[PDB]
Amino acid sequence: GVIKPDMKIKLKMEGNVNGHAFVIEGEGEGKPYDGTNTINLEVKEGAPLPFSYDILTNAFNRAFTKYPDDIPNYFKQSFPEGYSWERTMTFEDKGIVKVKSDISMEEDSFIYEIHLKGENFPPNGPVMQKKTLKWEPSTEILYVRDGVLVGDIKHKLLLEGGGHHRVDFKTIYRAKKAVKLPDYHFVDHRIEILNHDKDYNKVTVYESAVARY
């Protein structure tokens, strides 16, 4: 098929959080039909990052989602043309991140061009203090809104010490062609930073995603 069972991943993120600019490049691979993906990432500019790396991970492609045949696959159907997405992550304490990503395909690889802007994070909040542990497993609710697909997530960051910090996600996914639109459904996610060096200049991220009724 146009989307192979094993696809490479190449991306670039230009970001700025609390005024701090930085660039991260990534190369990885995933199994689109199994809903898994792994990406090795390096900070090319702006190191060492002065904020929690977890706020970036979800930015590092729903084509990597396991779907049942009975739920139209908004993402996979969009190819080879591709799709783009825009997201707003609203944090418990006023911090906010806005991200946009363009996903295209080149042979057996997906290429992403990402732009991220984070602002208003409290100086003595877990993001700036780098006190986050990981994202808890999540469930994204997907449904059609104005001809495109919307995903909502009532998310939570697990903090060092055991506490949690809420983060509300709203993502709008836009296919670059007409595709069969799905009825509301859910996607269970589990994202993890598999390994990282001291200041997260070198990180490997992994995510699993499964669609369900």
# chains A, B, ... in the order shown; residues from 1 in each chain; ligands from 1
$ residues_around --residues "segment 33-49 of chain A" --least-positions-apart "6" --cutoff "7 Å" --atoms "only C-alpha atoms" --output "compact mmCIF listing (two decimals) with N, CA, C and O atoms, in the first residue's frame"
# COMPACT_ATOMS: atom_id res chain seq x y z
N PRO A 5 4.26 -0.91 6.11
CA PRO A 5 4.12 -1.38 7.50
C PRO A 5 5.22 -0.84 8.38
O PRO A 5 5.11 -0.88 9.60
N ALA A 21 14.53 30.52 22.48
CA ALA A 21 14.50 29.85 21.18
C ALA A 21 15.32 28.54 21.15
O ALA A 21 16.28 28.37 21.91
N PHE A 22 14.95 27.62 20.26
CA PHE A 22 15.68 26.37 20.14
C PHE A 22 15.23 25.60 18.93
O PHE A 22 14.14 25.83 18.41
N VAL A 23 16.08 24.70 18.48
CA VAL A 23 15.75 23.87 17.34
C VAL A 23 16.07 22.43 17.68
O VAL A 23 17.14 22.14 18.22
N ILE A 24 15.16 21.53 17.35
CA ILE A 24 15.38 20.11 17.59
C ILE A 24 15.14 19.36 16.30
O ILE A 24 14.15 19.61 15.60
N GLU A 25 16.04 18.43 15.98
CA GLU A 25 15.88 17.63 14.78
C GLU A 25 15.65 16.19 15.21
O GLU A 25 16.20 15.75 16.24
N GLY A 26 14.87 15.44 14.45
CA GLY A 26 14.61 14.06 14.82
C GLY A 26 14.51 13.08 13.65
O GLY A 26 14.10 13.46 12.55
N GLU A 27 14.94 11.85 13.90
CA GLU A 27 14.86 10.76 12.92
C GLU A 27 14.35 9.53 13.69
O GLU A 27 14.83 9.23 14.79
N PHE A 64 0.31 7.05 12.82
CA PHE A 64 0.78 5.96 13.65
C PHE A 64 -0.28 5.67 14.70
O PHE A 64 -0.10 5.94 15.88
N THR A 65 -1.38 5.10 14.26
CA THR A 65 -2.45 4.75 15.17
C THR A 65 -3.06 3.44 14.70
O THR A 65 -3.33 3.30 13.50
N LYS A 66 -3.29 2.52 15.64
CA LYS A 66 -3.94 1.24 15.29
C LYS A 66 -5.45 1.50 15.23
O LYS A 66 -6.04 1.97 16.21
N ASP A 199 20.97 16.78 30.14
CA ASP A 199 20.16 17.97 29.86
C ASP A 199 19.21 17.77 28.71
O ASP A 199 18.82 18.74 28.06
N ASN A 201 19.71 16.80 25.69
CA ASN A 201 20.19 17.22 24.38
C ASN A 201 19.95 16.06 23.43
O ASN A 201 19.77 16.25 22.23
N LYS A 202 19.98 14.85 23.97
CA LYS A 202 19.76 13.66 23.15
C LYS A 202 18.67 12.86 23.84
O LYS A 202 18.83 12.44 24.98
N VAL A 203 17.57 12.65 23.14
CA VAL A 203 16.40 11.97 23.72
C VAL A 203 15.77 11.00 22.71
O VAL A 203 15.81 11.22 21.49
N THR A 204 15.17 9.94 23.22
CA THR A 204 14.47 8.97 22.38
C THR A 204 13.04 8.94 22.94
O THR A 204 12.84 8.68 24.13
N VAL A 205 12.05 9.21 22.09
CA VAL A 205 10.65 9.22 22.51
C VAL A 205 9.94 8.05 21.85
O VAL A 205 10.24 7.66 20.72
N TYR A 206 8.98 7.48 22.56
CA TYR A 206 8.20 6.35 22.05
C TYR A 206 6.73 6.63 22.34
O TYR A 206 6.39 7.16 23.40
N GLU A 207 5.84 6.26 21.42
CA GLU A 207 4.43 6.42 21.68
C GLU A 207 3.69 5.24 21.08
O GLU A 207 4.05 4.75 20.01
N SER A 208 2.63 4.83 21.77
CA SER A 208 1.74 3.78 21.32
C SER A 208 0.37 4.45 21.25
O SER A 208 0.05 5.29 22.10
N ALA A 209 -0.43 4.12 20.24
CA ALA A 209 -1.74 4.73 20.09
C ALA A 209 -2.70 3.71 19.47
O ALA A 209 -2.36 3.08 18.47
N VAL A 210 -3.89 3.57 20.07
CA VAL A 210 -4.88 2.60 19.58
C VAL A 210 -6.25 3.25 19.54
O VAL A 210 -6.68 3.87 20.52
$ residues_around --residues "residue 178 of chain A" --least-positions-apart "4" --cutoff "12 Å" --atoms "only C-alpha atoms" --output "JSON, numbers by chain"
{"A": [74, 75, 77, 78, 79, 81, 82, 83, 147, 148, 174]}
$ write_last_selection --atoms "C-alpha atoms" --output "PDB file, in the first residue's frame"
ATOM      1  CA  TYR A  74      -8.936  10.119   8.827  1.00  0.00           C
ATOM      2  CA  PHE A  75      -5.163  10.118   8.961  1.00  0.00           C
ATOM      3  CA  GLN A  77      -6.700   8.127   4.090  1.00  0.00           C
ATOM      4  CA  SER A  78      -5.115  11.534   3.760  1.00  0.00           C
ATOM      5  CA  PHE A  79      -1.991  10.079   2.109  1.00  0.00           C
ATOM      6  CA  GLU A  81      -1.184  14.075   0.107  1.00  0.00           C
ATOM      7  CA  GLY A  82      -0.837  14.251   3.867  1.00  0.00           C
ATOM      8  CA  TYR A  83      -2.330  16.500   6.483  1.00  0.00           C
ATOM      9  CA  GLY A 147     -15.475  19.405   8.022  1.00  0.00           C
ATOM     10  CA  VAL A 148     -12.174  18.583   9.764  1.00  0.00           C
ATOM     11  CA  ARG A 174      -6.780  18.867   8.533  1.00  0.00           C
TER      12      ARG A 174
END
$ residues_around --residues "residue 146 of chain A" --least-positions-apart "4" --cutoff "12 Å" --atoms "only C-alpha atoms" --output "PDB file with N, CA, C and O atoms, in the first residue's frame"
ATOM      1  N   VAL A 150     -11.313  17.000  15.077  1.00  0.00           N
ATOM      2  CA  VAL A 150     -10.900  17.598  16.331  1.00  0.00           C
ATOM      3  C   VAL A 150     -10.569  16.515  17.354  1.00  0.00           C
ATOM      4  O   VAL A 150     -11.255  15.485  17.439  1.00  0.00           O
ATOM      5  N   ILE A 172      -6.645  20.319  16.098  1.00  0.00           N
ATOM      6  CA  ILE A 172      -7.456  20.299  14.895  1.00  0.00           C
ATOM      7  C   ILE A 172      -6.572  19.666  13.813  1.00  0.00           C
ATOM      8  O   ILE A 172      -5.447  20.125  13.561  1.00  0.00           O
ATOM      9  N   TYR A 173      -7.080  18.586  13.221  1.00  0.00           N
ATOM     10  CA  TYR A 173      -6.383  17.849  12.185  1.00  0.00           C
ATOM     11  C   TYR A 173      -7.028  18.138  10.835  1.00  0.00           C
ATOM     12  O   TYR A 173      -8.244  18.006  10.694  1.00  0.00           O
ATOM     13  N   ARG A 174      -6.226  18.521   9.843  1.00  0.00           N
ATOM     14  CA  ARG A 174      -6.780  18.867   8.533  1.00  0.00           C
ATOM     15  C   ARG A 174      -6.181  18.096   7.375  1.00  0.00           C
ATOM     16  O   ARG A 174      -5.058  18.371   6.959  1.00  0.00           O
ATOM     17  N   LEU A 181     -15.247  10.680   6.521  1.00  0.00           N
ATOM     18  CA  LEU A 181     -15.154  11.211   7.894  1.00  0.00           C
ATOM     19  C   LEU A 181     -15.696  10.221   8.905  1.00  0.00           C
ATOM     20  O   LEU A 181     -16.694   9.553   8.643  1.00  0.00           O
TER      21      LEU A 181
END
$ residues_around --residues "segment 113-119 of chain A" --least-positions-apart "5" --cutoff "7 Å" --atoms "only C-alpha atoms" --output "ChimeraX atom specification"
/A:11-18,95-103
$ residues_around --residues "residue 51 of chain A" --least-positions-apart "6" --cutoff "10 Å" --atoms "only C-alpha atoms" --output "list in words"
residues 17, 18, 20, 121, 123, 126, 127, 128, 129, 130, 131, 132 and 199 of chain A
$ atom_distance --atom1 "atom CA of residue 84 of chain A" --atom2 "atom CA of residue 158 of chain A"
28.7 Å
$ select_by_dssp --residues "segment 84-174 of chain A" --states "strand (DSSP E)" --output "number ranges by chain"
A: 84-91, 96-106, 109-119, 132-135, 138-145, 148-159, 164-174
$ atom_distance --atom1 "atom CA of residue 182 of chain A" --atom2 "atom CA of residue 143 of chain A"
7.2 Å
$ closest_residue --among "A:6, A:213, A:194, A:57" --to "residue 107 of chain A" --atoms "only C-alpha atoms"
A:6
$ select_by_dssp --residues "segment 11-213 of chain A" --states "alpha helix (DSSP H)" --output "ChimeraX atom specification"
/A:54-57,74-77,126-129
$ write_last_selection --atoms "N, CA, C and O atoms" --output "PDB file, in the first residue's frame"
ATOM      1  N   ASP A  54       9.072  17.257  28.622  1.00  0.00           N
ATOM      2  CA  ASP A  54       7.765  16.645  28.414  1.00  0.00           C
ATOM      3  C   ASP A  54       6.772  17.535  27.673  1.00  0.00           C
ATOM      4  O   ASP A  54       5.882  17.030  27.016  1.00  0.00           O
ATOM      5  N   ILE A  55       6.904  18.853  27.775  1.00  0.00           N
ATOM      6  CA  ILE A  55       5.953  19.696  27.074  1.00  0.00           C
ATOM      7  C   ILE A  55       6.115  19.592  25.566  1.00  0.00           C
ATOM      8  O   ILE A  55       5.251  20.038  24.824  1.00  0.00           O
ATOM      9  N   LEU A  56       7.219  18.998  25.113  1.00  0.00           N
ATOM     10  CA  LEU A  56       7.503  18.866  23.686  1.00  0.00           C
ATOM     11  C   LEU A  56       7.148  17.527  23.066  1.00  0.00           C
ATOM     12  O   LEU A  56       6.998  17.428  21.862  1.00  0.00           O
ATOM     13  N   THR A  57       7.139  16.478  23.872  1.00  0.00           N
ATOM     14  CA  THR A  57       6.988  15.137  23.348  1.00  0.00           C
ATOM     15  C   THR A  57       5.827  14.811  22.434  1.00  0.00           C
ATOM     16  O   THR A  57       6.010  14.106  21.450  1.00  0.00           O
ATOM     17  N   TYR A  74      -9.093   8.765   9.333  1.00  0.00           N
ATOM     18  CA  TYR A  74      -8.936  10.119   8.827  1.00  0.00           C
ATOM     19  C   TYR A  74      -7.512  10.316   8.378  1.00  0.00           C
ATOM     20  O   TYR A  74      -7.262  10.793   7.285  1.00  0.00           O
ATOM     21  N   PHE A  75      -6.579   9.935   9.235  1.00  0.00           N
ATOM     22  CA  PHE A  75      -5.163  10.118   8.961  1.00  0.00           C
ATOM     23  C   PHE A  75      -4.581   9.328   7.814  1.00  0.00           C
ATOM     24  O   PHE A  75      -3.914   9.893   6.928  1.00  0.00           O
ATOM     25  N   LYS A  76      -4.797   8.021   7.832  1.00  0.00           N
ATOM     26  CA  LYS A  76      -4.203   7.209   6.784  1.00  0.00           C
ATOM     27  C   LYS A  76      -4.771   7.518   5.409  1.00  0.00           C
ATOM     28  O   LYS A  76      -4.061   7.467   4.408  1.00  0.00           O
ATOM     29  N   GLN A  77      -6.056   7.848   5.363  1.00  0.00           N
ATOM     30  CA  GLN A  77      -6.700   8.127   4.090  1.00  0.00           C
ATOM     31  C   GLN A  77      -6.147   9.387   3.478  1.00  0.00           C
ATOM     32  O   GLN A  77      -6.257   9.603   2.263  1.00  0.00           O
ATOM     33  N   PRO A 126       6.337  23.628  37.828  1.00  0.00           N
ATOM     34  CA  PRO A 126       7.006  22.396  37.427  1.00  0.00           C
ATOM     35  C   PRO A 126       7.599  22.391  36.041  1.00  0.00           C
ATOM     36  O   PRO A 126       8.590  21.700  35.817  1.00  0.00           O
ATOM     37  N   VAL A 127       7.020  23.139  35.102  1.00  0.00           N
ATOM     38  CA  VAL A 127       7.603  23.171  33.750  1.00  0.00           C
ATOM     39  C   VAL A 127       8.988  23.834  33.762  1.00  0.00           C
ATOM     40  O   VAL A 127       9.990  23.228  33.334  1.00  0.00           O
ATOM     41  N   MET A 128       9.052  25.058  34.288  1.00  0.00           N
ATOM     42  CA  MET A 128      10.306  25.804  34.347  1.00  0.00           C
ATOM     43  C   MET A 128      11.292  25.207  35.342  1.00  0.00           C
ATOM     44  O   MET A 128      12.509  25.305  35.166  1.00  0.00           O
ATOM     45  N   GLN A 129      10.769  24.576  36.389  1.00  0.00           N
ATOM     46  CA  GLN A 129      11.624  23.947  37.384  1.00  0.00           C
ATOM     47  C   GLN A 129      12.074  22.570  36.914  1.00  0.00           C
ATOM     48  O   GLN A 129      12.864  21.931  37.591  1.00  0.00           O
TER      49      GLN A 129
END
$ atom_distance --atom1 "atom CA of residue 164 of chain A" --atom2 "atom CA of residue 86 of chain A"
25.0 Å
$ closest_residue --among "A:153, A:88, A:61, A:7" --to "residue 188 of chain A" --atoms "only C-alpha atoms"
A:153
